[PDB]
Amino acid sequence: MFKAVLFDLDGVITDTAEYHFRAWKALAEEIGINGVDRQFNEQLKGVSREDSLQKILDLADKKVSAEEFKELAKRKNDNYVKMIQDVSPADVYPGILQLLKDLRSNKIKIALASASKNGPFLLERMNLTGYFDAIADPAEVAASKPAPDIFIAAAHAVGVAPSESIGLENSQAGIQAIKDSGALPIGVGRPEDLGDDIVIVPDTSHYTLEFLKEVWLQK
């Protein structure tokens, strides 16, 4: 049986990927870059703040100073942080609270493997901190998603091998990170976005302990 579940946050625990998209699109349009639509935004899911900004600046082969890069990342983060102040337990996605309670009852470890520095604040907003055995700090890894380091760190933080873990993701970069860690990925979203080669569910209500156990058995 698996011994840990390694959760991404945005698009898995709650709909904060929507707010990252809206904030990055507003920033891009302020500097004259119009290509951040929903399709392009699939490349901005899962990756660090700095890698997200650089992908946007690439779109128009745009060159800003080092000082302006720092200011733009800060502007977008300050906006996003204002948008999430009213997030509450009512915003936890269907099935997720029940899954956390069932994993804990069965002595299965729970860890966060998010590249977002806003992860701890959001788990507090949703009254979920007490369910998590560890939060992997994204600033402590040498290489961010799609590198596997953050999933390896999350498993190690709860005393379990990546090969004895499941990872839950809504991002292209994060599915690749799980694959290269040795853990088993289960995605949530559209196969048109995330691929036809791994197990994908259409919404989070499908993330039951009973479904996870069957996927493990059949891997």
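Quick note: we count residues from 1 along the sequence shown, nothing fancier.
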query: Which of 134-142 and 111-119 has higher mean CA B factor, as the PDB entry lists it; finding: 134-142
query: Mean temperature factor over C-alpha atoms, higher-scoring stretch between 204-212 and 191-199; finding: 191-199
query: Out of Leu59, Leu53, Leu27, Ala173, residue topping the C-alpha B-factor column of the entry; finding: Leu59
query: Selection from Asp37, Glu164, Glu169, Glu42 [criterion: highest C-alpha temperature factor in the record]; finding: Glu164
query: Within-chain third of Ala4 by Cα B-factor, per the entry; finding: middle
